[PDB]
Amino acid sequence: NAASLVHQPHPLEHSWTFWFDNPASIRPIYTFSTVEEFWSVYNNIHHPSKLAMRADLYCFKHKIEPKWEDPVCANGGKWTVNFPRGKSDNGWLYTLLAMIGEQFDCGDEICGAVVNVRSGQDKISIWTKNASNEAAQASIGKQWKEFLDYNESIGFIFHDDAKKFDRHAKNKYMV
(Lines of atoms letter the chains of each structure in order from A and count residues from 1; the text may use other names and numbers.)
(Lines give C-alpha, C1' and ligand atoms only; values in the text may rest on other atoms or scores of the structure.)
Protein backbone atom coordinates (compact mmCIF):
# COMPACT_ATOMS: atom_id res chain seq x y z
CA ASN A 1 0.00 0.00 0.00
CA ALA A 2 0.51 3.88 -0.15
CA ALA A 3 2.17 4.37 3.35
CA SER A 4 5.65 3.68 2.00
CA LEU A 5 4.84 5.77 -1.26
CA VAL A 6 4.24 9.20 0.25
CA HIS A 7 6.95 8.94 2.91
CA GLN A 8 9.71 7.28 0.98
CA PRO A 9 13.11 7.21 2.50
CA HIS A 10 15.86 8.91 0.45
CA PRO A 11 18.78 6.57 0.00
CA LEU A 12 22.47 7.63 0.19
CA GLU A 13 25.06 6.58 -2.32
CA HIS A 14 26.78 4.44 0.34
CA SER A 15 25.92 2.84 3.66
CA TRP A 16 27.78 4.12 6.69
CA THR A 17 28.46 2.68 10.03
CA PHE A 18 29.03 4.71 13.23
CA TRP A 19 31.49 3.05 15.55
CA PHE A 20 32.32 4.05 19.11
CA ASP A 21 35.30 3.50 21.43
CA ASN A 22 34.44 4.41 25.05
CA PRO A 23 36.03 6.04 28.07
CA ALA A 24 40.63 -3.91 18.97
CA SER A 25 37.54 -2.87 21.21
CA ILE A 26 35.95 -0.40 18.83
CA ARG A 27 32.26 -1.51 18.67
CA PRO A 28 29.98 -0.68 15.67
CA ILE A 29 26.71 0.89 16.94
CA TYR A 30 24.42 2.15 14.05
CA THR A 31 24.52 1.55 10.27
CA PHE A 32 22.51 3.78 8.09
CA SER A 33 21.74 3.92 4.38
CA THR A 34 19.24 6.78 4.03
CA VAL A 35 19.01 10.38 5.00
CA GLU A 36 16.23 9.60 7.40
CA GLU A 37 18.32 6.93 9.03
CA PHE A 38 21.28 9.31 9.34
CA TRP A 39 19.35 11.96 11.16
CA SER A 40 17.64 9.40 13.34
CA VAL A 41 20.99 8.06 14.42
CA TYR A 42 22.79 11.49 14.69
CA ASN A 43 20.01 12.77 16.93
CA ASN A 44 20.46 9.82 19.40
CA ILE A 45 24.21 9.85 19.62
CA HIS A 46 25.86 12.44 21.72
CA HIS A 47 27.56 15.34 20.01
CA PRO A 48 31.29 15.68 20.72
CA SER A 49 30.63 18.47 23.20
CA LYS A 50 28.74 15.91 25.43
CA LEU A 51 31.02 12.90 24.87
CA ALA A 52 33.21 11.65 27.66
CA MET A 53 36.92 12.33 27.75
CA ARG A 54 39.17 10.18 25.60
CA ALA A 55 36.18 8.95 23.51
CA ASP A 56 36.48 8.27 19.79
CA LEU A 57 33.43 8.28 17.52
CA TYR A 58 33.85 6.95 13.97
CA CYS A 59 31.69 7.19 10.85
CA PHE A 60 33.01 4.93 8.07
CA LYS A 61 31.66 3.45 4.87
CA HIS A 62 29.97 0.16 5.39
CA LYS A 63 32.41 -2.73 5.38
CA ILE A 64 35.36 -0.50 6.04
CA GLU A 65 36.58 -1.25 9.57
CA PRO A 66 38.20 1.86 11.20
CA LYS A 67 41.59 0.26 11.67
CA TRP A 68 44.94 0.83 9.91
CA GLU A 69 45.03 -2.89 9.42
CA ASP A 70 41.82 -2.94 7.27
CA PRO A 71 42.88 -3.79 3.69
CA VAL A 72 41.05 -0.72 2.25
CA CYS A 73 42.69 1.65 4.73
CA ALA A 74 46.08 -0.04 4.78
CA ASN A 75 47.88 2.21 2.33
CA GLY A 76 45.98 5.33 3.35
CA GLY A 77 46.13 8.14 5.85
CA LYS A 78 44.37 11.03 7.45
CA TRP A 79 43.80 14.70 7.23
CA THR A 80 43.37 16.21 10.73
CA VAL A 81 41.90 19.45 12.09
CA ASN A 82 41.77 20.79 15.65
CA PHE A 83 39.06 22.66 17.53
CA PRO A 84 38.78 23.76 21.09
CA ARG A 85 37.41 21.23 23.59
CA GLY A 86 33.65 21.54 23.25
CA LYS A 87 33.66 23.60 20.09
CA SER A 88 33.83 20.82 17.48
CA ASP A 89 30.16 19.97 16.96
CA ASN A 90 29.69 21.94 13.71
CA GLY A 91 32.90 20.68 12.21
CA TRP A 92 31.83 17.11 12.92
CA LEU A 93 28.47 17.73 11.36
CA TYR A 94 29.75 19.55 8.29
CA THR A 95 32.22 16.66 7.88
CA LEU A 96 29.52 13.97 8.10
CA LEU A 97 27.31 15.85 5.63
CA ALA A 98 30.18 16.31 3.26
CA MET A 99 30.96 12.55 3.23
CA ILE A 100 27.53 10.91 3.22
CA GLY A 101 26.35 13.47 0.64
CA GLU A 102 29.27 12.57 -1.67
CA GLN A 103 30.35 16.20 -1.84
CA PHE A 104 34.09 15.59 -2.19
CA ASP A 105 35.53 15.73 -5.69
CA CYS A 106 37.85 12.85 -4.97
CA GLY A 107 35.31 11.07 -2.78
CA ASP A 108 36.37 7.71 -4.00
CA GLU A 109 39.44 8.00 -1.83
CA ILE A 110 37.34 8.68 1.35
CA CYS A 111 37.09 5.91 3.96
CA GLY A 112 35.33 7.72 6.80
CA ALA A 113 35.86 10.22 9.59
CA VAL A 114 36.57 10.28 13.32
CA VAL A 115 36.15 12.75 16.17
CA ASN A 116 38.59 12.35 19.02
CA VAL A 117 37.46 14.03 22.25
CA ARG A 118 40.43 15.08 24.39
CA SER A 119 40.97 17.54 27.26
CA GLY A 120 42.31 20.81 25.71
CA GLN A 121 41.71 20.13 21.94
CA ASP A 122 39.21 18.07 19.91
CA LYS A 123 40.48 16.50 16.74
CA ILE A 124 38.52 15.45 13.67
CA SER A 125 40.29 13.39 11.05
CA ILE A 126 39.12 12.20 7.63
CA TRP A 127 40.69 8.80 6.73
CA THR A 128 41.49 8.20 2.98
CA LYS A 129 43.06 5.42 0.90
CA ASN A 130 46.06 5.82 -1.47
CA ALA A 131 48.21 8.06 0.69
CA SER A 132 50.84 8.27 -2.00
CA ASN A 133 48.43 10.08 -4.42
CA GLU A 134 49.29 13.61 -3.45
CA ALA A 135 47.12 15.31 -6.06
CA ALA A 136 44.06 13.50 -4.66
CA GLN A 137 44.92 13.95 -1.01
CA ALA A 138 45.53 17.70 -1.49
CA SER A 139 42.15 18.03 -3.25
CA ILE A 140 40.39 16.46 -0.35
CA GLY A 141 42.25 18.48 2.29
CA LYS A 142 41.74 21.80 0.59
CA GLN A 143 38.15 21.10 0.02
CA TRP A 144 37.59 20.03 3.60
CA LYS A 145 39.12 23.26 4.73
CA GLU A 146 36.63 25.09 2.42
CA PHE A 147 33.66 23.14 3.80
CA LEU A 148 34.70 23.91 7.33
CA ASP A 149 35.69 27.58 6.88
CA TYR A 150 38.98 26.48 8.53
CA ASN A 151 41.72 29.04 8.45
CA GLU A 152 44.80 27.13 9.50
CA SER A 153 47.12 24.56 8.00
CA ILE A 154 46.18 20.95 8.10
CA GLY A 155 48.30 17.89 7.75
CA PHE A 156 48.07 14.40 6.51
CA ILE A 157 49.61 11.40 8.11
CA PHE A 158 50.19 8.10 6.47
CA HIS A 159 48.82 5.22 8.53
CA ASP A 160 52.09 3.49 7.85
CA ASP A 161 53.93 6.36 9.57
CA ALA A 162 51.46 6.33 12.48
CA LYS A 163 51.89 2.57 13.04
CA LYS A 164 55.67 2.84 12.96
CA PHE A 165 56.08 6.18 14.84
CA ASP A 166 53.13 6.43 17.27
CA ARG A 167 53.37 9.95 18.93
CA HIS A 168 56.21 11.00 16.60
CA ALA A 169 54.70 10.63 13.05
CA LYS A 170 55.16 13.67 10.84
CA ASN A 171 52.71 15.13 8.39
CA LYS A 172 53.69 14.26 4.84
CA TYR A 173 51.46 16.82 3.09
CA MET A 174 50.03 20.09 4.26
CA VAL A 175 47.33 22.29 2.95
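Residue positions are given as counts along the sequence shown, with the first one as 1.
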Next item on the list: Scan the PDB entry between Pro23 and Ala24 and report the missing deposited residues as one of none, 1 to 3, 4 to 9, 10 or more.
Entry: 10 or more
Notebook entry, point to check: 127-135 versus 112-120: which one carries the higher mean Cα B factor per the record?
Noted result: 112-120
Check: So which stretch wins on mean C-alpha B-factor, 80-88 or 98-106?
Finding: 80-88
Notebook entry, point to check: If you check the C-alpha B-factor for each of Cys59, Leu148, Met53, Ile140 in the entry, which is highest?
Noted result: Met53
Item checked: Per the PDB entry, maximal CA B factor within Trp68, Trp144, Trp39, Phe32 -> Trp68
Margin query: By the recorded C-alpha temperature factor, relative to the other modelled residues in its chain, which third is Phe165 in?
Written below: highest
